[PDB]
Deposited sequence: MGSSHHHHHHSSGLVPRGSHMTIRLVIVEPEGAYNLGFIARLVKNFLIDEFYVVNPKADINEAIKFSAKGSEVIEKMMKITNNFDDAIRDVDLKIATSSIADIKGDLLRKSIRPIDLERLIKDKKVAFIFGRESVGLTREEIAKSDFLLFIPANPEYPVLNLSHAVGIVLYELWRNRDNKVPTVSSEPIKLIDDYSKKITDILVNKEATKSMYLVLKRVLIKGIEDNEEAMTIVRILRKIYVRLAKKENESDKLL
């Protein structure tokens, strides 16, 4: 069992640094970022000891296909506004290499990205306001994985 975190075209340097921190906090095995729009040098200021993740672990790809090679399962994420829940994860990911895919702050994921995913995970939240900030959604999912 190996977990790859894939972040697609992140825009906010704070979000990218916060995600890098979380990769260390929750011992995620692999970390890929597709065509980042955020300034990575600025992201490092938000990363605390996740700076090491940015510098040694993070793989930067220009295209989505190159971020999702050589895994057994791909799980995309979206809020209910735009399908499985975190409680489903343990059963699906047991003894698998799995990629968890998170989308852009402004626009989420494209049709390609969703087509290439096996499941779509939503974090239950206020139906009136179910959209979490990107890095907070990542943290919740990584916490759930750690619990397992």
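Coordinate coverage of the deposited sequence breaks at 1-20, 103-110, 177-255, these segments carrying no C-alpha atoms.
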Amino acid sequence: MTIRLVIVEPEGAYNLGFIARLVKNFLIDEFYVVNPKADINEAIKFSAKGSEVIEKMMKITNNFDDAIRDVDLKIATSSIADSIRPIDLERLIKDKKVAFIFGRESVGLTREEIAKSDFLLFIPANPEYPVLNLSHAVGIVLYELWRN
From here on, numbers count along this sequence of modelled residues.
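The question of which stretch, 122-130 or 21-29, has the higher mean Cα B factor is settled in favour of 122-130. Set 92-100 against 105-113 and average the Cα temperature factors; 92-100 ends up higher.
Taking the deposited Cα B-factors for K45, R69, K56, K49, the highest one is held by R69. Placement of the Cα temperature factor of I87 within the chain: highest third of the modelled residues, per the deposited record. Remark: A38 belongs to the middle third of its chain, ranked by C-alpha B-factor as recorded.
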